[PDB]
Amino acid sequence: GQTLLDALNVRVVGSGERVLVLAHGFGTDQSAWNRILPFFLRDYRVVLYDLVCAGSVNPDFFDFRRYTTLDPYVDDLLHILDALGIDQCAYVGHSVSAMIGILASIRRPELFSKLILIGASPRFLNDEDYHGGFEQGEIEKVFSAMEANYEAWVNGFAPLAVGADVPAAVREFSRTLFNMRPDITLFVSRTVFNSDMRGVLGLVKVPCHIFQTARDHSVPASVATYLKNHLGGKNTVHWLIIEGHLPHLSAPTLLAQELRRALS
């Protein structure tokens, strides 16, 4: 309870009464929110934390037997919100944290007033009638490259994920990937890149705001309309006509403006 608040570097900041949870995605820690955070401090009580796989978390907390699916990540998120006495919040999740939020809302339909999903995909692998963006052989090459030379893999991947030519964003993202223990990054990548959340989307009943860029290395644009059509509540797509997977790093003014609109 307090042990987990300390383990996952939980931070609560801001002068507002309405609770806003900012949950980082794959390859980052809560520092990925630094550029947009100031724009939410007056109107919100902002909760930030690190996923157990973040480089900022002691690797002794990464229980390989436990963290084989997204369900225990959901257990950690809900244990934090319960320990903080949060009855209701708005939740923002980037990439894997979008899927953790979805599963959390199915378990606790009353806890979230809305989900904001950034760079979200329920499935990366192509299927008969479904474009996720990747064939199994392409995902296997990522795992093989990661294992063979982690530094070379990070240096090649970070600029593709950022997409746009924003060197400060490439450096920021590379730093958090390099902070991660390589066996943990590979394990988490197998969890995420092989995931399939499609079957549970219709169980969500809270409103979802789906933020999608026009050119995201990891998320075809058609996944955003798939999410709009398959999540079970009232859904809004926020099109960002820019390039990249990490708009909170590469387009923070535009992202903060869109997040303010989604939260109103």
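One rule holds for the numbers: they count along the sequence shown, beginning at 1.
Visitor: Output the stretch having the higher mean C-alpha B factor in the entry; the candidates are 130-138 and 72-80.
Guide: The stretch with the larger mean CA B-factor is 130-138.
Visitor: Which is higher in the entry, the mean Cα B factor of 101-109 or that of 140-148?
Guide: Looking at the recorded C-alpha B-factors, 140-148 comes out higher on average.
Visitor: Check the PDB entry and point out which of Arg198, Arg215, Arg45, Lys228 has the largest C-alpha temperature factor.
Guide: That would be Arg45.
Visitor: For the C-alpha B-factor as written in the entry, point me to the maximum among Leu20, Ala23, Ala251, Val12.
Guide: When the deposited C-alpha B-factors of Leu20, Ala23, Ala251, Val12 are compared, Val12 is largest.
Visitor: Select lowest, middle or highest to describe the third in which the CA B-factor of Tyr91 falls within its chain in this entry.
Guide: As the PDB entry reports it, the C-alpha B-factor of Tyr91 lands in the lowest third of its chain.
Visitor: With respect to C-alpha B-factor, does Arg175 fall in the lowest, middle or highest third of the chain as deposited?
Guide: As the PDB entry reports it, the C-alpha B-factor of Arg175 lands in the highest third of its chain.
Visitor: Taking the chain's C-alpha temperature factors as the reference, tell me which third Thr191 falls into: lowest, middle or highest.
Guide: Middle third, going by the recorded CA B-factors of the chain.
Visitor: Rank-wise, by C-alpha B-factor, drop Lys205 into the lowest, middle or highest third of its chain.
Guide: Within its chain, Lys205 is a highest-third residue by C-alpha B-factor, going by the deposited values.
Visitor: Using the B-factors in the PDB entry, rank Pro247's C-alpha atom against the chain and give the third, lowest, middle or highest.
Guide: Bottom third by C-alpha B-factor.
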